[PDB]
Amino acid sequence: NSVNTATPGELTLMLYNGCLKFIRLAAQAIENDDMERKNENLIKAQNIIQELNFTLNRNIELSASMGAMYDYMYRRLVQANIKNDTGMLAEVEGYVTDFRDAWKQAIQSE
Amino acid sequence: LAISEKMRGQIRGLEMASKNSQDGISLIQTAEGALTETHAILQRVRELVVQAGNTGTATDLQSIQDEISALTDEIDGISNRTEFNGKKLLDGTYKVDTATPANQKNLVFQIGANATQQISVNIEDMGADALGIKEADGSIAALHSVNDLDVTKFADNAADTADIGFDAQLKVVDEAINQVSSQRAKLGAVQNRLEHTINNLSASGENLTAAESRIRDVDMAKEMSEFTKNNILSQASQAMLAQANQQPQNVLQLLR
Numbered sequence: 013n014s015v016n017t018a019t020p021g022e023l024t025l026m027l028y029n030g031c032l033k034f035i036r037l038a039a040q041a042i043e044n045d046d047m048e049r050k051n052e053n054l055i056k057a058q059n060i061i062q063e064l065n066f067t068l069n070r071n072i073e074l075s076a077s078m079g080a081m082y083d084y085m086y087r088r089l090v091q092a093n094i095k096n097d098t099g100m101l102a103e104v105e106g107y108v109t110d111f112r113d114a115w116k117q118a119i120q121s122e
Numbered sequence: 046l047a048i049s050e051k052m053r054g055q056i057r058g059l060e061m062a063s064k065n066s067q068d069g070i071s072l073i074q075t076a077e078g079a080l081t082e083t084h085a086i087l088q089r090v091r092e093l094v095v096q097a098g099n100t101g102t106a107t108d109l110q111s112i113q114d115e116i117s118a119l120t121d122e123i124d125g126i127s128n129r130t131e132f133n134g135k136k137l138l139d140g141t142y143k144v145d146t147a148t149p150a151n152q153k154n155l156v157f158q159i160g161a162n163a164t165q166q167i168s169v170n171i172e173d174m175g176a177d178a179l180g181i182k183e184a185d186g187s188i189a190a191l192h193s194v195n196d197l198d199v200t201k202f203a204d205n206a207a208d209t210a211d212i213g214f215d216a217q218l219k220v221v222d223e224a225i226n227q228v229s230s231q232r233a234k235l236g237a238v239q240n241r242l243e244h245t246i247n248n249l250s251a252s253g254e255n256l257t258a259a260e261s262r263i264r265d266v267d268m269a270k271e272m273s274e275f276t277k278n279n280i281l282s283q284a285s286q287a288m289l290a291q292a293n294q295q296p297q298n299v300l301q302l303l304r
């Protein structure tokens, strides 16, 4: 669209929102018994979490706990995929919502 | 960023093996979900065959046969349309062929710890003409497949009539039900092997990221999520320095 426009903080916010969107699409696919659709969206969500983790400046102290959460989020999404566990998806959706809401406030108050 | 950049190269192998195992499990779950439908349709077909064997009302027989023929056509549709990434799973593309191995196609999965041990997997034809009473070899003789069911023949033949009597046609459905159940169970065993691979891959990645494998359970993750969320709020500049390091063309690609 018009991405080169977005600031670095706005780019990260876009990633959090996309991750949530793909998790919600995968939960819906599980309800509709669409395995291929569920798998495609959870891998999309996993790729976002891994991109966030691998773009952490690990000289910054905050990066340790954020990356530990990303590692759990990735592992939990893999388990939810192979187990068709919407409950697990709702769990990871809550974490990403936590990160998304705090991040959106952080770029504002800055 | 360089510390995180090489951590990508360390676990790139584990991530791609994890994606392959996820893909393989979802392929099998796709086949198992379709086989569950075929099994349920076969159960309904058996109900109609039994009802036809106990009906003395032949236009009742024709109406029952119309439903059966539509149901076996549903079975054909499932076997012909079930797909994963464009690969036909249940139409016999991947059936075993011991009579002519040159014509056999295999599904390949990677199994075991480290996901490097390849296995070959076959899936039998699940169409209506491939389910029923099998001969010594893989073949189904005439009038012995689910596609051959015709309960209107019950009006002119005793129940013990060979091939077309009620008892014989009921046997065709029973054998077909078990054939679908056997195919689903064999695919479940493969799924189990891929699950064990995923858990060994995760344990391998957990060891290589010590102090980033730190979160164990739901209680820790819940509590760490709230703690990290409040640290992001309280240290906005540190949060920007820590995470706002994506390049725009990578973001557009991930959001497709």
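Quick note, the sequences are listed as chains E and D, same order. Here the first sequence is numbered in PDB author numbering, starting from 13 and rising by one per residue. Using PDB author numbering, the letters of the second sequence correspond one by one to residues 46 to 102, 106 to 304. Every residue, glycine too, gets a C-beta built ideally from N, C-alpha and C.
Beta bridge counterpart(s) of residue i as assigned by DSSP
i        : result
D/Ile167 : D/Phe157
D/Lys136 : D/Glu131
D/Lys182 : D/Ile188
D/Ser193 : D/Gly180
Spatial distance of residue i from residue j (CA atoms)
i                      : j        : result
D/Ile225               : D/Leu303 : 44 Å
E/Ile55                : D/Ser261 : 20 Å
E/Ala41                : E/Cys31  : 15 Å
D/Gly98                : D/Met174 : 26 Å
E/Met85                : E/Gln117 : 22 Å
D/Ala259               : D/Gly253 : 12 Å
D/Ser187               : D/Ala176 : 13 Å
residue 104 of chain D : D/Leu235 : No atoms of residue 104 of chain D appear, because in chain D residue 102 is followed directly by 106.
E/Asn13                : E/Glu43  : 31 Å
E/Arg36                : D/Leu256 : 30 Å
D/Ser63                : D/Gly54  : 15 Å
residue 105 of chain D : E/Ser75  : The model contains no atoms for residue 105 of chain D, which sits in the stretch where chain D goes from 102 to 106 directly.
E/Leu23                : E/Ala80  : 21 Å
D/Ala207               : D/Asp124 : 27 Å
Residue-level contact to chain E via CB, residue i, 8 Å cutoff
i        : result
D/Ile263 : yes
D/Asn65  : no
D/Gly78  : yes
D/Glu50  : yes
D/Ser252 : no
D/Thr200 : no
D/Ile246 : yes
D/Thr120 : no
CB contact below 8 Å: residue i versus chain D
i       : result
E/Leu64 : yes
E/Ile94 : yes
E/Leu37 : no
E/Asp97 : no
E/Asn69 : yes
E/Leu23 : yes
Where residue i meets chain D, residues with beta-carbon distance less than 9 Å
i                      : result
E/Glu103               : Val266, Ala269 and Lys270
residue 126 of chain E : Residue 126 of chain E is absent from the structure shown; chain E starts at 13 and stops at 122.
Residue nearest to residue i in terms of C-alpha spacing, selected from the options
i                      : options                                   : result
residue 345 of chain D : D/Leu300, D/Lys270 and D/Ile56            : No statement about residue 345 of chain D is possible, as the shown extent of chain D runs from 46 to 304 and does not include it.
E/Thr67                : D/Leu46, D/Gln152 and D/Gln166            : D/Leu46
D/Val220               : D/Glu183, D/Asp68 and D/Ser49             : D/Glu183
E/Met78                : E/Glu63, E/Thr98 and E/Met100             : E/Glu63
D/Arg241               : D/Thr146, D/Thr148, D/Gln217 and D/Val169 : D/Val169
D/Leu138               : D/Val228, D/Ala287 and D/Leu289           : D/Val228
D/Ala210               : D/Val299, D/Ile181 and D/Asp185           : D/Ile181
E/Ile61                : E/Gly21, E/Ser121 and E/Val104            : E/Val104
D/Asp265               : E/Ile119, E/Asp83 and E/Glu52             : E/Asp83
D/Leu218               : D/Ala284, D/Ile70, D/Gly134 and D/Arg89   : D/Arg89
D/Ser127               : D/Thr141, D/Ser117 and D/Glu223           : D/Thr141
D/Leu93                : D/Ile171, D/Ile73, D/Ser117 and D/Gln165  : D/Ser117
Partner residues on chain D for residue i, Cβ-Cβ distance less than 8 Å
i       : result
E/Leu27 : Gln294, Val299, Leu302 and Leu303
E/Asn16 : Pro296
Chain D contact residues for residue i, given Cβ-Cβ distances below 7 Å
i        : result
E/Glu122 : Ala284, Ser285 and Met288
E/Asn44  : None at all; the shortest Cβ gap to chain D is about 11 Å.
Per-residue contacts from residue i into chain E (C-beta, under 9 Å)
i        : result
D/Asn240 : The contacting residues do not exist; D/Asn240 stays about 11 Å from chain E at best.
D/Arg53  : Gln62, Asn65 and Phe66
D/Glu274 : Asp110
Beta-carbon neighbours of residue i, restricted to chain E and to distances below 8 Å
i        : result
D/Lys277 : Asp110, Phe111, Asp113 and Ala114
Interface partners of residue i on chain E, CB under 7 Å
i        : result
D/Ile70  : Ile94
D/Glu243 : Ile94
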